[PDB]
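Here the protein sequences come in this chain order: H, X, g, i, 3 and M. Going by the authors' numbering, the final residue of the first sequence carries number 147, and the count climbs one at a time with no gaps. Going by the authors' numbering, the final residue of the second sequence carries number 244, and the count climbs one at a time with no gaps. Going by the authors' numbering, the final residue of the third sequence carries number 166, and the count climbs one at a time with no gaps. Going by the authors' numbering, the final residue of the fourth sequence carries number 128, and the count climbs one at a time with no gaps. Going by the authors' numbering, the final residue of the fifth sequence carries number 188, and the count climbs one at a time with no gaps. Going by the authors' numbering, the final residue of the sixth sequence carries number 148, and the count climbs one at a time with no gaps. Just so it is clear, CB atoms sit at the ideal spot from N, CA and C, and this is done for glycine as well.
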Amino acid sequence: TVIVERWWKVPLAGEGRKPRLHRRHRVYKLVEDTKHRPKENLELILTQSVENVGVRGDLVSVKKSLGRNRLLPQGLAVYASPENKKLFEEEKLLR
Amino acid sequence: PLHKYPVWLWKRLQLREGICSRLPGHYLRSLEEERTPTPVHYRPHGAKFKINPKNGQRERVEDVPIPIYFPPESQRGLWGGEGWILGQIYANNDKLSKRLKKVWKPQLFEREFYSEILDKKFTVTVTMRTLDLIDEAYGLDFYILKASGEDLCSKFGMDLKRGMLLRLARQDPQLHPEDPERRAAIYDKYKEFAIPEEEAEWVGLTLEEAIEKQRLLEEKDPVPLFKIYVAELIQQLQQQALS
Amino acid sequence: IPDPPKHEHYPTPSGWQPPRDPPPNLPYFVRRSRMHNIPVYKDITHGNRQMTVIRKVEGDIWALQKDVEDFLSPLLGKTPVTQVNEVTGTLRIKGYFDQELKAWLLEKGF
Amino acid sequence: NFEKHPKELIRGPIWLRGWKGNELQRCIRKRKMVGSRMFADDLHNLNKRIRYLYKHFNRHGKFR
Amino acid sequence: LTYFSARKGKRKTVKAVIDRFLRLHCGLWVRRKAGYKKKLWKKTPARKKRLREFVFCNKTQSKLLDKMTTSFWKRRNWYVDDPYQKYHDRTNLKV
Amino acid sequence: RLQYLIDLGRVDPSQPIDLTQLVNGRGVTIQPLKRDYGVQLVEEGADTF
RNA sequence: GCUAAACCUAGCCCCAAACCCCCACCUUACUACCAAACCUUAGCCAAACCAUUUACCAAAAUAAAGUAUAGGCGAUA
RNA sequence: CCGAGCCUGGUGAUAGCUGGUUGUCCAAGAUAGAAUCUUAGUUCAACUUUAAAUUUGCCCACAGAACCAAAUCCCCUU
RNA sequence: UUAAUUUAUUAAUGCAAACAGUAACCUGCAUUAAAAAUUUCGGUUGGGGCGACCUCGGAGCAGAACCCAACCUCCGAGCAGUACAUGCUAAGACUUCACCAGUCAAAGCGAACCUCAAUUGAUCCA
Ligand SMILES: [Mg+2]
Ligand SMILES: [Mg+2]
Ligand SMILES: [Mg+2]
Ligand SMILES: [Mg+2]
Ligand SMILES: [Mg+2]
Ligand SMILES: [Mg+2]
Ligand SMILES: [Mg+2]
Ligand SMILES: [Mg+2]
């Protein structure tokens, strides 16, 4: 996403009121673009046995593109919600 | 002369006097609520006060939002509160230079999503912000049920919301029978966002649809006065037979 | 405004001194201000023109004018020029004589 | 004993009732006190008049 | 100078004047000498001291600055430890 | 000024004198807006007080 | 002595109060009857030129205060 | 009525440029200069007006003002 | 237009961004082009143009306080030396006919015991 900042300062409005904006208030300045920062990872819990990126019942760190196109559409893994943290640790305790 | 009421208040006067008055209460509550979105294209001040530089005094800070622009394709899809930034920019990051128009657009994808409550694969025009909000919401079903009306910011997204909410509120035979335990698992997974059907039918509508739905409710093809007056006469004759 | 207390020895510290009871038998009278002060004021009308105003005079303002002239003729070495206002009951004198005139009116007992 | 004021005895318009001001200030005060209830071309004439009187009082006459 | 603002109807100060001059309460304005910290290598020591002084302004310059500010800048200020509190008033000024 | 207010009764010296009391007897005018932080005592009349 | 000249109410203005409105007619309107809305105002203008900038208009009393603040740090805001 | 139509709006555009600015009667009142994208203008000065404070103003001859004409400057007195 | 400022728009690259992999199209940021788009085109001048000048100083016009024009007559400067008290302060004055700027200076503290014909430039910024 594109994060902008205003070049000119907006005068404060009241505590209930909305500020008044002018031409100089929509002169902008890009500060960051979240499109291209280094890629993060999301935590998936893998619920089948797949190649050594993960094994059944294990919480793993997976590259975002691979986790979103393969593991979740095919149901191979599930999101690391606290609910299924508890559910799969209960399953492991049963095992 | 002068109007009795200000012109910014004319719309509320309509919403109080019309068929818009016969709209149900919760719907008009939402329409009047109309809160503020989540920061997407601007970075919020984490604090209400800040010791500004150049003099060590705390000035109050408010964070003012960028006027973002959403096209009808956005409403056909789902953009996560993300839209076009139509603004100006200075030529070389230097105010003593040309000032010149600029339109910042998002990046758009055609992704295919499964919703466990409706059991259907939708292909929609998402962006990375929706994908990330879905990941932090732990699924599309949770994202659409949890996200607010204007943070979701899609006519389609709120159609999905009231379809899902009506599905929950009626507890429908959603996939088919022979899996009622799996259906119970689904509705138990999303049992927290359960609202009455008389509310879930009005979730997410525009005002035009709400007025159309309301007048469809109150059409009521007229009662013949033959029926009305024979009812009155039968009542009067039974009263006379009693007396 | 509180009427001020009854100190033992007058004039007090800061030099206040109450109006002399009974009033002096004079053709005129000068009221204290509401703050119980002598009503003699400096005035300045250009960068130049500096005056003294005596401004709550009741009675015979021309008697007051004659007495001020008698008093201030040694101090100047001329006769001072004054503007009598019989209507508003005030006296203007050309020149700053506020401390001298205040002491003089306290001497009379006003 | 001071629980009313003759400015509250004044019957008049809301924006000049207990106030004087000059023609620009009267237009500015009328716009911000009763401007949102005005008829549309009455506002348009009032905004034109504030604009003109601004140019006039800030840029004309002697005594610059 | 904006005798009548569009916003309030009030009179405006020239902040250029407030950046450069000091108004003492008696009506005197005090400035610096134009050039007082440039080319000090090529200026002679007496000219350098003449440049280092704080000077008073002319009568018509004083009246112009009187006009170019509002009366907030002409009030009597009782700051804590002020290097000009003795200069804010005129002594023995006969005529 | 303090002695003037005390001798004319505008400040009661038998009870503590405080910013409220000086304001109420109208000896000092304080403007908090306009950045007055209070009152400073002043040696001006210290000879005869 | 011609041409004229004279007239006063038809209404209007600013406020206050109070929220207001049978037939035919989108085809060539006023014609009885056939297979799609949503996107920054710009510029004149001030800067004694003009190129960043230039009041308000896009509901907000009095004062704080034309203050903090902004600004070819200048006009101005 | 085209080297960029016409109409409405912004808009009472802007005009250092031209033109005009309406009762009576008295009074005082004239051409140093400096800067300026400035010489068709403006700002400062000088002058002019008003009101104020106060005490000296103007005109003079004697003395006095440099070495390499006509006259000016200064003022004690009138 | 081979003037200033810009590439917001288009184009063709590059870099990321979003896919397929194996031991193209859309978006964001840069660039060079195109089309443009905005804007301006000093002054004196014996009409305007051409040519020359534009700040400062010495001389003459301007003979003896001060001043005094020129597209009038002539001559020069945009620094150079010596040490680096070429410190710091402060009565009183001069002033290029305004302001800005410029100049002298007793006394005092600290010390060794400036030459100069102009010899230069404000404010904001940096
Ligand atoms: Mg407020
Ligand atoms: Mg007075
Ligand atoms: Mg202009
Ligand atoms: Mg005009
Ligand atoms: Mg001109
Ligand atoms: Mg005459
Ligand atoms: Mg010319
Ligand atoms: Mg001079």
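Residue i lies in the beta strand (DSSP E); which residues open and close that run?
| i | result |
| --- | --- |
| residue 1 (chain X) | Past the boundaries of the shown model lies residue 1 (chain X); chain X is included only from 2 to 244, so the question cannot be answered. |
| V140 (chain g) | 138-141 |
| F50 (chain X) | 50-53 |
| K150 (chain g) | 146-150 |
| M129 (chain X) | Per DSSP, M129 (chain X) belongs to no beta strand (DSSP E); it is in the alpha helix (DSSP H), 129-138. |
| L161 (chain g) | Taken as a continuous stretch (DSSP letters only), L161 (chain g) belongs to no beta strand (DSSP E), being part of the alpha helix (DSSP H) at 154-164. |
| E84 (chain H) | 79-85 |
| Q106 (chain g) | 106-110 |
| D175 (chain 3) | Per DSSP, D175 (chain 3) belongs to no beta strand (DSSP E) and is neither H nor E. |
Would you say residue i lies against chain M (beta-carbon separation less than 9 angstroms)?
| i | result |
| --- | --- |
| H92 (chain g) | yes |
| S129 (chain g) | no |
Residue i: buried (16+ other C-beta within 10 angstroms of its C-beta) or exposed?
| i | result |
| --- | --- |
| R90 (chain i) | buried |
| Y230 (chain X) | exposed |
| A170 (chain X) | buried |
| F140 (chain H) | buried |
| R123 (chain i) | exposed |
| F97 (chain 3) | buried |
| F50 (chain X) | exposed |
| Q100 (chain H) | exposed |
| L118 (chain H) | exposed |
Tell me, please, which residues DSSP counts as bridged to residue i.
| i | result |
| --- | --- |
| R124 (chain 3) | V148 (chain 3) |
| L87 (chain X) | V104 (chain X) |
| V113 (chain g) | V86 (chain g) |
| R59 (chain X) | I52 (chain X) |
| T126 (chain X) | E111 (chain X) |
| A129 (chain H) | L98 (chain H) |
| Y70 (chain X) | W85 (chain X) |
Between which two residues does the alpha helix (DSSP H) harbouring residue i extend?
| i | result |
| --- | --- |
| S116 (chain X) | Element bounds for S116 (chain X): not the alpha helix (DSSP H) but the beta strand (DSSP E), 110-116. |
| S129 (chain g) | 117-132 |
| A145 (chain M) | No alpha helix (DSSP H) holds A145 (chain M); DSSP gives it neither H nor E. |
| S113 (chain H) | No alpha helix (DSSP H) holds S113 (chain H); the beta strand (DSSP E) holding it covers 110-115. |
| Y28 (chain X) | 26-34 |
| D152 (chain X) | 150-153 |
Of all the CB atoms in chain 3, is at least one closer than 9 angstroms to the CB of residue i?
| i | result |
| --- | --- |
| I114 (chain i) | yes |
| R93 (chain i) | yes |
| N122 (chain i) | yes |
Verify the CB distance criterion: does residue i have a CB-CB separation below 9 angstroms to chain X?
| i | result |
| --- | --- |
| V79 (chain H) | yes |
| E57 (chain H) | yes |
| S133 (chain H) | yes |
| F103 (chain i) | yes |
Chain i beta carbons: is any one of them nearer than 9 angstroms to that of residue i?
| i | result |
| --- | --- |
| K12 (chain X) | no |
| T95 (chain 3) | yes |
Would you say residue i reaches chain g, if we count a Cβ-Cβ gap shorter than 9 angstroms as a contact?
| i | result |
| --- | --- |
| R109 (chain M) | yes |
| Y136 (chain M) | no |
Can you check whether the C-beta of residue i is within less than 9 angstroms of a C-beta belonging to chain H?
| i | result |
| --- | --- |
| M159 (chain X) | no |
| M165 (chain X) | no |
Check whether the region 117-131 of chain X and the region 74-84 of chain X touch, using three or more Cβ-Cβ pairs below 8 angstroms as the test.
yes
Would you be able to state if there are at least three C-beta pairs under 8 angstroms between the region 103-111 of chain M and the region 68-78 of chain g?
yes
Does the region 123-131 of chain g touch the region 149-156 of chain g, meaning 3 or more C-beta pairs lie closer than 8 angstroms?
yes
Do the region 150-162 of chain X and the region 197-214 of chain X touch if we need at least three Cβ pairs shorter than 8 angstroms?
yes
Touching by the beta-carbon criterion (3+ pairs, under 8 angstroms), the region 211-230 of chain X and the region 15-30 of chain X
yes
Do the region 84-96 of chain X and the region 61-76 of chain X touch if we need at least three Cβ pairs shorter than 8 angstroms?
yes
Report yes or no: do three or more beta-carbon pairs, one from the region 117-130 of chain 3 and one from the region 145-163 of chain 3, lie closer than 8 angstroms?
yes
Okay, do the region 89-106 of chain X and the region 70-79 of chain H touch, 3+ Cβ pairs below 8 angstroms being the bar?
yes
If we count Cβ pairs, one from each stretch, closer than 8 angstroms, do we get three or more for the region 104-122 of chain 3 versus the region 161-177 of chain 3?
yes
Counting pairs of Cβ atoms below 8 angstroms between the region 141-154 of chain X and the region 94-104 of chain X, do you hit three or more?
no
Inspect the CB distances between the region 87-98 of chain g and the region 127-134 of chain M and report whether three or more fall short of 8 angstroms.
no
For the region 109-122 of chain g against the region 140-151 of chain g, do three or more pairs of beta-carbon atoms, one drawn from each stretch, fall closer than 8 angstroms, so that the two count as touching?
yes
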